[PDB]
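Here we start with a single chain on its own, the form deposited in one PDB entry, put down as structure tokens.
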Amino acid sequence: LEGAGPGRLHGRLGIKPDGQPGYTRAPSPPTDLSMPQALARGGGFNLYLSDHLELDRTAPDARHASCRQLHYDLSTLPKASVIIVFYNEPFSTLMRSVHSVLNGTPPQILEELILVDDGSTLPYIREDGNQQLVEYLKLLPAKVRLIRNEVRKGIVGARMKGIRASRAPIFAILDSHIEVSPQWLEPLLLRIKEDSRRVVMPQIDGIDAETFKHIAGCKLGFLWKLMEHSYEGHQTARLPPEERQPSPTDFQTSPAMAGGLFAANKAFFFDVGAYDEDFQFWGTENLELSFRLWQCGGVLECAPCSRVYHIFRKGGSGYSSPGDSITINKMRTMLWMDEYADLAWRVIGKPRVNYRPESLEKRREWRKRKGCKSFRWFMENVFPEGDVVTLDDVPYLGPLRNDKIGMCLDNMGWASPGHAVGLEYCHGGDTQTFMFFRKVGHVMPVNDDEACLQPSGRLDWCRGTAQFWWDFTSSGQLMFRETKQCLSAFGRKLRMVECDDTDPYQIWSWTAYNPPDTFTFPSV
């Protein structure tokens, strides 16, 4: 288009022949607006507001002041195809994303913008509907090209379609509800140019769901629930001294990624394994990629100078996925965890589903023909700062039983942090199973490695502090280091008392965790 300049590097977007925008902008949201139910009608974010906000919405520059003091030679960088996959995404969010990309990315480095309709059922995105999307696209450069799936395949399914259709040496995947900051793609391209084996991910800022205000705020690990988790304080303390507070312009390696939003050399991406194409809908596809990448000769970095705003959803869901899809994706990811899969399996509930075993083994066959390294290696070199680097760091996993009263601890059915622990009759169920992390002395319910027992008799969010460090003595006591008192089950009440090996009420029996050397997947 024409009108090129700073702020609209691809020209004035969204103008018809007449010269007036082809987007009917909405008036200010109502005064009599109920916010808690609007975040459901909008599918996670306030849509009355997004519809009233302009598609060419300026956004503050969130990169560090030192990041702006850089220079990139556009003529010497490879072009890249940005891929935006979307399903039933509202018009305002989807176009504001495309606008933000086209407005803030030089055309010299943007080969194309591929939009992937993953079987949307909205009338504006359907080819048997009002045709608002397709019609409006003619008002965008040819770079922007829409492609569809006749049926919803999921993130993995839709993302491969975009990458497979991409034409550039590099692709950059983005969400359909995003806004970028200046020079967001330039750092990624330069980094992948010098080593095609690097998968680089931008730092993700936020667009508030309710207010749409721009909110600011690199190393990311994982939880044994098979969820991404940001490096905590005690984990950043285990870092090498010179990497504990890296500079704002440095590329920092990350054990894991936050799911989507990354750039990668297309050829390499297909040679390090693309995406397990049996992963369904939403799920843990971000870890299988993270684990697989590192073990098979790749690098995962984050560029603090490449920042992108993202609408994290709140009090609502944008789409509906089946209940089994999440467990399947986790089971398949456990293939890359080797012996540690035994623990991951118990945290997610020792589940047994149809994880498509036939195709999962062919990935194991692929894994061995590629010579990919082990997860123990991964844990010892890529994520050595984790609380569980070896399965010896989980010495006890099982019921915490007091023989005197003949009972064991019980989460009372809610393993989520915040509620109180009670004494009940032992039935050997997951509700009465507890594991121990010796690196931080955390006593946690098996089904949630974020909940930690405290002297108060209740669970709370696990922090690697003196407020959660427990000691399991040789006598069998649960001693709390800070106060140096031991936990007693006297009268079916949880109390702290002077430690004393003669008090049978404070002697506990905790099963030892001596799992196998190799995890054998379940049956179907």
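Throughout, rigid core stands for the largest set of C-alpha atoms superposing within 1.5 Å between the two forms. From 1 onward, residues are counted along the sequence shown.
How about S100: is it missing in a third or more of the other compared entries? Modelled in all the others, so no.
Over the set of other compared entries for this protein, does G318 lack coordinates in at least a third of them? Comparison shows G318 dropped in at least a third of the other entries.
In this entry, is the chain continuous from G217 to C218, or are deposited residues missing in between (none, 1 to 3, 4 to 9, 10 or more)? Per the record, 1 to 3 deposited residues are absent between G217 and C218.
Pick between 341 to 349 and 313 to 321: the one whose mean CA B-factor in the entry is higher. According to the PDB entry, the answer is 313 to 321.
Could you check which stretch, 411 to 419 or 440 to 448, carries the larger mean CA temperature factor in the entry? Going by the record's values, the stretch with the higher mean is 411 to 419.
Report the option among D250, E89, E111, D205 whose CA atom has the maximum B-factor in the deposited record. If I rank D250, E89, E111, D205 by C-alpha B-factor, first place goes to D250.
Take the CA temperature factors straight from the PDB entry and tell me which of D393, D175, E150, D128 peaks. Top of the list by C-alpha B-factor: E150.
Just say lowest, middle or highest third for the CA B-factor of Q432 relative to the other modelled residues in its chain. It falls in the bottom third of the chain.
Please rank the C-alpha B-factors of the chain's modelled residues and tell me whether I83 sits in the lowest, middle or highest third. As the PDB entry reports it, the C-alpha B-factor of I83 lands in the lowest third of its chain.
Assigned third (lowest, middle, highest) for the C-alpha B factor of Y275: Lowest third of the chain for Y275's C-alpha B-factor.
Going by the recorded CA B-factors, say which third of the chain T511 sits in, lowest, middle or highest. Middle third, going by the recorded CA B-factors of the chain.
So where's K213 on the chain's Cα temperature factor ranking, which third? Answer is middle: the recorded C-alpha B-factor places it there.
There is also a form deposited in another entry; it is not shown, and the following applies to it.
Select from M379, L391, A415, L190 the only position whose Cα moves 2 Å or more between this form and the one not shown when the core is aligned. Between the two forms, the residue that moves is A415.
Aligned on the rigid core, do the two forms place the Cα of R41 2 Å or more apart, comparing between this form and the one not shown? Superposed on the core, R41 moves its C-alpha 2 Å or more between this form and the one not shown.
With both forms fitted on the core, check whether the Cα of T31 differs by 2 Å or more between this form and the one not shown. Passes the 2 Å threshold, so yes.
Check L343 against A415 at the C-alpha atoms and report closer or farther in the other entry, compared with the shown form; the change is 3 Å or more. Farther: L343 and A415 separate by 3 Å or more in the other entry.
Since the CA distance of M479 and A415 differs by 3 Å or more in the other entry, is it closer or farther than in the form displayed? Distance between the C-alphas of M479 and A415: longer in the other entry, by 3 Å or more.
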